[PDB]
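Let me begin by presenting the structure, written as structure tokens, before commenting on it.
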Amino acid sequence: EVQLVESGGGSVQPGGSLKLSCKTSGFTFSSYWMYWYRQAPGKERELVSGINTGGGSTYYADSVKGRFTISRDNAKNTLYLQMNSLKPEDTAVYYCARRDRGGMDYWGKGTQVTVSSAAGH
Ligand code: NA
């Protein structure tokens with residue numbers, strides 16, 4: 001079965017950094033564009049970033065430009081999101097997704113990121 005599994009979430013200080021991983025199995029990852037989405041409190045789901053097969057970013061949301069970097073490792077079949085200069089409003093469940101025209105969408109279960117002044121340093 002197709003598997004997408006996010007990890008790397010947790011609590012982090014405002015201004016801090018986190019790197020999320022989306023480890024995949026059960027399909028030819030290197031053939032697909034891949035995406036990060038997020039679901040924040042009281043808001044609609046938001047597309048964060050997309051990446052093409054060869055590992056070039058296709059898109060960043062205005063809200064994350066200059067702070068986040070999408071990347072992939074086709075040898076490990078893993079997608080990443082490096083997040084920097086985190087803000088309270090980046091608190092959300094983050095999801096990786098495989099989506100393509102006339103194909104079936106697949107989503108991970110998501111990972112919680114919490115940007116909090118009470119986070120460990
Ligand atoms: Na896709």
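Please note that chains go A, B, ... in the order of the structure tokens, that every chain numbers its residues from 1, and that ligands are numbered from 1 in the order shown.
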Surroundings of ligand 1 up to 6 Å, based on only C-alpha atoms and all ligand atoms, as a PyMOL selection string = chain A and resi 32-34+98-100
Include N, CA, C and O atoms and write out the residues we just selected as a CSV table (one decimal), in the first residue's frame.
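New file out-v8.csv:
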chain,number,residue,atom,x,y,z
A,32,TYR,N,6.8,11.2,-8.9
A,32,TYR,CA,5.8,12.1,-8.5
A,32,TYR,C,6.3,13.4,-7.9
A,32,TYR,O,7.2,13.5,-7.2
A,33,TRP,N,5.5,14.5,-8.3
A,33,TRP,CA,5.6,15.7,-7.5
A,33,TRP,C,5.0,15.5,-6.1
A,33,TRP,O,4.1,14.6,-6.0
A,34,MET,N,5.5,16.2,-5.1
A,34,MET,CA,5.1,16.0,-3.8
A,34,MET,C,4.8,17.4,-3.1
A,34,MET,O,5.4,18.4,-3.5
A,98,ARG,N,0.7,13.2,-1.9
A,98,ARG,CA,0.9,12.9,-3.3
A,98,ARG,C,-0.4,13.2,-4.1
A,98,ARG,O,-1.4,12.7,-3.6
A,99,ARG,N,-0.4,14.0,-5.1
A,99,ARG,CA,-1.5,14.4,-5.8
A,99,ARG,C,-1.1,14.6,-7.3
A,99,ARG,O,0.0,15.0,-7.6
A,100,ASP,N,-2.0,14.1,-8.2
A,100,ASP,CA,-1.7,14.3,-9.6
A,100,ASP,C,-3.0,14.1,-10.4
A,100,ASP,O,-3.9,13.4,-9.9
Could you write out, as JSON, numbers by chain, all the residues of chain A that DSSP marks as strand (DSSP E)?
-> {"A": [3, 4, 5, 6, 7, 10, 11, 12, 18, 19, 20, 21, 22, 23, 24, 25, 34, 35, 36, 37, 38, 39, 46, 47, 48, 49, 50, 51, 57, 58, 59, 60, 68, 69, 70, 71, 72, 73, 78, 79, 80, 81, 82, 83, 92, 93, 94, 95, 96, 97, 98, 106, 107, 111, 112, 113, 114, 115]}
Surrounding residues of segment 51-59 of chain A excluding itself and chain neighbours under 6 positions, 8 Å, only C-alpha atoms, as a list in words | residues 30, 31, 32, 33, 34, 35, 70, 71, 72 and 73 of chain A
Any chance you can output those residues with N, CA and C atoms as a PDB file, in the first residue's frame?
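See out-v5.pdb below for the written result:
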ATOM      1  N   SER A  30      10.080   8.818  -6.851  1.00  0.00           N
ATOM      2  CA  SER A  30      10.811   9.694  -7.752  1.00  0.00           C
ATOM      3  C   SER A  30      10.012  10.081  -9.004  1.00  0.00           C
ATOM      4  N   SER A  31       8.869   9.429  -9.273  1.00  0.00           N
ATOM      5  CA  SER A  31       8.017   9.738 -10.416  1.00  0.00           C
ATOM      6  C   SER A  31       6.973  10.818 -10.139  1.00  0.00           C
ATOM      7  N   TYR A  32       6.844  11.235  -8.878  1.00  0.00           N
ATOM      8  CA  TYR A  32       5.761  12.102  -8.458  1.00  0.00           C
ATOM      9  C   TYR A  32       6.271  13.436  -7.926  1.00  0.00           C
ATOM     10  N   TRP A  33       5.531  14.494  -8.284  1.00  0.00           N
ATOM     11  CA  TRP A  33       5.593  15.725  -7.515  1.00  0.00           C
ATOM     12  C   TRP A  33       5.010  15.470  -6.131  1.00  0.00           C
ATOM     13  N   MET A  34       5.508  16.217  -5.140  1.00  0.00           N
ATOM     14  CA  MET A  34       5.089  16.028  -3.766  1.00  0.00           C
ATOM     15  C   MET A  34       4.814  17.385  -3.127  1.00  0.00           C
ATOM     16  N   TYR A  35       3.994  17.385  -2.075  1.00  0.00           N
ATOM     17  CA  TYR A  35       3.499  18.613  -1.466  1.00  0.00           C
ATOM     18  C   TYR A  35       3.529  18.520   0.061  1.00  0.00           C
ATOM     19  N   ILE A  70      11.702  23.283   0.836  1.00  0.00           N
ATOM     20  CA  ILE A  70      11.284  21.926   0.504  1.00  0.00           C
ATOM     21  C   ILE A  70      12.454  21.240  -0.198  1.00  0.00           C
ATOM     22  N   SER A  71      12.632  19.941   0.070  1.00  0.00           N
ATOM     23  CA  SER A  71      13.635  19.160  -0.638  1.00  0.00           C
ATOM     24  C   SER A  71      13.199  17.704  -0.656  1.00  0.00           C
ATOM     25  N   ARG A  72      13.901  16.913  -1.462  1.00  0.00           N
ATOM     26  CA  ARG A  72      13.636  15.487  -1.481  1.00  0.00           C
ATOM     27  C   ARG A  72      14.936  14.723  -1.686  1.00  0.00           C
ATOM     28  N   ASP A  73      14.912  13.460  -1.250  1.00  0.00           N
ATOM     29  CA  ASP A  73      16.002  12.534  -1.477  1.00  0.00           C
ATOM     30  C   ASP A  73      15.414  11.291  -2.131  1.00  0.00           C
TER      31      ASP A  73
END
For segment 105-110 of chain A, please output as a ChimeraX atom specification all residues within 6 Å (counting only C-alpha atoms; exclusion window: fewer than 2 positions along the same chain).
-> /A:4-6,93-99
Write a file of the selected residues as a PDB file, in the first residue's frame, keeping C-alpha atoms.
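Below is the file selection.pdb, written as the result:
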ATOM      1  CA  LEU A   4       3.411   8.576   3.594  1.00  0.00           C
ATOM      2  CA  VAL A   5       4.664   9.127   7.146  1.00  0.00           C
ATOM      3  CA  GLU A   6       5.470  12.543   8.572  1.00  0.00           C
ATOM      4  CA  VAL A  93      -0.623  19.888  11.767  1.00  0.00           C
ATOM      5  CA  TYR A  94       1.703  19.432   8.765  1.00  0.00           C
ATOM      6  CA  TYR A  95       0.925  16.879   6.088  1.00  0.00           C
ATOM      7  CA  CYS A  96       2.732  15.491   3.078  1.00  0.00           C
ATOM      8  CA  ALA A  97       0.656  14.608   0.044  1.00  0.00           C
ATOM      9  CA  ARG A  98       0.939  12.932  -3.337  1.00  0.00           C
ATOM     10  CA  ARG A  99      -1.548  14.396  -5.828  1.00  0.00           C
TER      11      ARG A  99
END
Kindly indicate which residue among A:2, A:81, A:92, A:113 lies nearest to residue 25 of chain A, using only C-alpha atoms for the distances.
-> A:2
Check the smallest atom-to-atom distance from each of A:62, A:89, A:1, A:46 to residue 24 of chain A using only C-alpha atoms, then report the winner.
->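 Of the candidates, the smallest distance to residue 24 of chain A is held by A:1.
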Atom CA of residue 115 of chain A to atom CA of residue 77 of chain A: how many Å, to one decimal?
-> 27.9 Å
Residue 119 of chain A: which residues within 7 Å, counting only C-alpha atoms, same-chain residues fewer than 6 positions away excluded, as a compact mmCIF listing (two decimals) with N, CA, C and O atoms, in the first residue's frame?
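In the end it all went to result-v7.txt:
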# COMPACT_ATOMS: atom_id res chain seq x y z
N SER A 11 7.42 20.75 19.70
CA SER A 11 7.36 22.12 20.18
C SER A 11 8.70 22.80 19.94
O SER A 11 9.74 22.23 20.24
N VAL A 12 8.65 24.06 19.50
CA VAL A 12 9.84 24.84 19.22
C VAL A 12 9.56 26.30 19.59
O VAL A 12 8.41 26.76 19.54
N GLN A 13 10.63 27.00 19.97
CA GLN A 13 10.52 28.41 20.32
C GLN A 13 10.23 29.25 19.08
O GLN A 13 10.71 28.97 17.98
Can you tell me, as a list in words, what residues are no more than 9 Å from residue 16 of chain A when counting only C-alpha atoms, ignoring any on the same chain fewer than 5 positions away?
->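 So the residues in contact are residues 83, 84, 85, 86, 87, 115 and 121 of chain A.
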Writing out the chosen residues with N, CA, C and O atoms as a PDB file, in the first residue's frame:
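Final output, saved to out-v1.pdb:
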ATOM      1  N   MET A  83      12.080  24.260   8.215  1.00  0.00           N
ATOM      2  CA  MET A  83      11.348  25.438   8.645  1.00  0.00           C
ATOM      3  C   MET A  83      12.252  26.292   9.525  1.00  0.00           C
ATOM      4  O   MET A  83      12.915  25.758  10.404  1.00  0.00           O
ATOM      5  N   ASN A  84      12.333  27.595   9.250  1.00  0.00           N
ATOM      6  CA  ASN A  84      13.200  28.504   9.993  1.00  0.00           C
ATOM      7  C   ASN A  84      12.414  29.751  10.400  1.00  0.00           C
ATOM      8  O   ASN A  84      11.342  30.014   9.841  1.00  0.00           O
ATOM      9  N   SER A  85      12.953  30.502  11.379  1.00  0.00           N
ATOM     10  CA  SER A  85      12.317  31.727  11.848  1.00  0.00           C
ATOM     11  C   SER A  85      10.837  31.485  12.140  1.00  0.00           C
ATOM     12  O   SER A  85       9.974  32.257  11.713  1.00  0.00           O
ATOM     13  N   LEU A  86      10.553  30.428  12.915  1.00  0.00           N
ATOM     14  CA  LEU A  86       9.175  30.022  13.146  1.00  0.00           C
ATOM     15  C   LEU A  86       8.389  31.079  13.925  1.00  0.00           C
ATOM     16  O   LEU A  86       8.899  31.801  14.786  1.00  0.00           O
ATOM     17  N   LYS A  87       7.093  31.138  13.609  1.00  0.00           N
ATOM     18  CA  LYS A  87       6.192  32.095  14.213  1.00  0.00           C
ATOM     19  C   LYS A  87       5.059  31.348  14.901  1.00  0.00           C
ATOM     20  O   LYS A  87       4.713  30.238  14.499  1.00  0.00           O
ATOM     21  N   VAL A 115       4.581  26.141  17.939  1.00  0.00           N
ATOM     22  CA  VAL A 115       5.550  27.205  18.132  1.00  0.00           C
ATOM     23  C   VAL A 115       5.110  27.975  19.366  1.00  0.00           C
ATOM     24  O   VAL A 115       4.079  28.647  19.339  1.00  0.00           O
ATOM     25  N   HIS A 121      14.533  25.001  24.715  1.00  0.00           N
ATOM     26  CA  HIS A 121      15.408  25.751  23.829  1.00  0.00           C
ATOM     27  C   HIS A 121      16.308  24.795  23.029  1.00  0.00           C
ATOM     28  O   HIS A 121      16.846  25.315  22.021  1.00  0.00           O
TER      29      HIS A 121
END
Near-residue 9 of chain A list (7 Å; only C-alpha atoms; drop same-chain fewer than 2 positions) as a PyMOL selection string | chain A and resi 7+20+111-113
In chain A, DSSP helix (DSSP H, G or I) residues written as a count of residues only = 6
One decimal, Å: what's the distance from atom CA of residue 64 of chain A over to atom CA of residue 47 of chain A, could you say?
->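 Value for the atom CA of residue 64 of chain A-atom CA of residue 47 of chain A distance: 10.3 Å.
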